[PDB]
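Following: one structure in structure tokens, then a few remarks.
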Amino acid sequence: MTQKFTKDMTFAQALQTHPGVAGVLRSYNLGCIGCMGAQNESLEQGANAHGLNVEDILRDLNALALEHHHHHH
């Protein structure tokens, strides 16, 4: 079992995989990826650059792929 969102893939690919990723990234201070040109950069690279752990990021991003988790009951 692999992950549709991995630390190896680039921000540009993630955004084009699920538009909701943009909201997650911007919420995680990773919104600047468009300005700093981190589009061609891997998720883990931008993560450490902003002092974050890619593990927690992949967690919430992959949740966008499953869609089974509801944020409101």
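By convention here, the chains of the structure tokens are called A, B, ... in the order presented, each chain's residues are numbered starting at 1, and ligands are numbered starting at 1 in the order presented.
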Practice prompt. With a distance cut-off of 12 Å and only C-alpha atoms, select the neighbouring residues of region 37-43 of chain A, excluding the residue or stretch itself and same-chain residues fewer than 4 positions from it, and output the selection as a PyMOL selection string.
Written response: chain A and resi 5-16+21-22+25+28+30-33+47-50+52-58+61
- Task: as a PyMOL selection string, please: all residues of chain A that backbone DSSP puts in helix (DSSP H, G or I).
- Result: chain A and resi 11-17+20-27+30-34+38-40+43-49+54-66
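Interatomic distance, CA of residue 26 (chain A) to CA of residue 1 (chain A): 27.8 Å.
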Residue 59 (chain A) proximity check over A:34, A:18, A:24, A:72, using only C-alpha atoms: winner is A:24
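Closest approach to residue 4 (chain A) among A:27, A:17, A:36, A:68: A:17, based on only C-alpha atoms.
Coordinates place CA of residue 29 (chain A) at a distance of 22.4 Å from CA of residue 3 (chain A).
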From CA of residue 45 (chain A) to CA of residue 2 (chain A) the spacing works out at 19.9 Å
